[PDB]
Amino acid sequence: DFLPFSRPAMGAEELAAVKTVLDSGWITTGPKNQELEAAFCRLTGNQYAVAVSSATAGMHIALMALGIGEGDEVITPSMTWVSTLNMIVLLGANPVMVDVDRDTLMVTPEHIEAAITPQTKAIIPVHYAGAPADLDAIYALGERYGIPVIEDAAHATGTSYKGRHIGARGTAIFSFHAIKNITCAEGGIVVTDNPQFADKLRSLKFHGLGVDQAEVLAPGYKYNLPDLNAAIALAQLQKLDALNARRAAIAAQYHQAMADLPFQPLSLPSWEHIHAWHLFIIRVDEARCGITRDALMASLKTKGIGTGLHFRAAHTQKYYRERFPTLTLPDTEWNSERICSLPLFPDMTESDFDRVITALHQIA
């Protein structure tokens, strides 16, 4: 009975939502996309939302919409998914990777500020695993230096920072990928407070078409989200508190269970927030545990327990090792060789939970 690290919470409502779209005959971008955009604005408190085919796509068009290109620099942690790094590079710009906090895996204001230059054109913090990054300090930096802040909120649907939802203000990009808090298999949405920026996003995700009858205004890509998938995201969005509460509950058990184990969970940031609990990451230091991270991952899999790796730092991947050979980021590297994500999803049962815990004990 294989127990994967994640499973989508698909029920009768997701199917019903698809049926209504299929029966209506309007299966691609239309009314469901509009509803999903209005709902994300309602959810966050922000004024505009542009639905897209993936959070990667949203990152691409957001950076593109800023006019980022050749010669421009973009600050981002290396501890994040490679999509962001790839979008900066593919646009012709230079990614400037900085280190993250050793226990929360989040980009600090200090690391960001030391890398700013006159070529910096965007700063991309990541709300890691469900927790929020230091927005006040990050936005201050953004306002002081005149640099746009584009928040990576792929793990943060349901996250709040100091009493305010991630995405309320500024620009934040969310993900509907299959193992994320809410899903439509693949999809995403860019929430922003700037109308001109929003208009550029709408046009860039749909061939650069626009009214000057629509015609190409400036070449764009094809990143529209079908209504079919948007209707699934809408049904999932309606269950967000319940799904997140089930994730939080399981995090607590893990937390409790970790007291008796040698594995070290990440630290909660110190500012006030609400954790979406997208992932439950543990560090596996060979010395402290007597088992390495890779060995534990392989061990757990023998027992039919799947684990995730979030993430093998971008700068340690082939293309990036070869392009930035002298780049060193200790906290990032230290964590990259030790982290792994244990099973965490809304439908996980205690048979599942407890099974994971009696496999870890076996191991330790």
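One-based numbering along the sequence shown.
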- Would you mind checking whether any residues of the deposited sequence sit unmodelled between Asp241 and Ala242, and how many (none, 1 to 3, 4 to 9, 10 or more)? none
- Message: Highest mean C-alpha temperature factor of the two stretches 14-22 and 336-344, which is it?
- Response: 336-344
- Query: On average, which has the higher Cα B-factor in the deposited entry, 296-304 or 32-40?
  - Reply: 296-304
- Message: If I read the C-alpha B-factors straight from the PDB entry, which of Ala122, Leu261, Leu90, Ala218 is highest?
- Response: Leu261
- Go through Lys222, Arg144, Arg169, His155 one by one and give the residue whose Cα B-factor in the PDB entry is largest. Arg144
- Divide the modelled residues of the chain into thirds by Cα B-factor and specify which third, lowest, middle or highest, holds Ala233. lowest
- Here the Cα B-factor of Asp285, set against its chain, lands in the third termed highest
- Query: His278's Cα B-factor: lowest, middle or highest third of the chain?
  - Reply: middle
- Would you please rank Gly210 by its C-alpha temperature factor against the other modelled residues of its chain and give the third it falls in: lowest, middle or highest? highest
- Task: Using the B-factors in the PDB entry, rank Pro226's C-alpha atom against the chain and give the third, lowest, middle or highest.
- Result: lowest
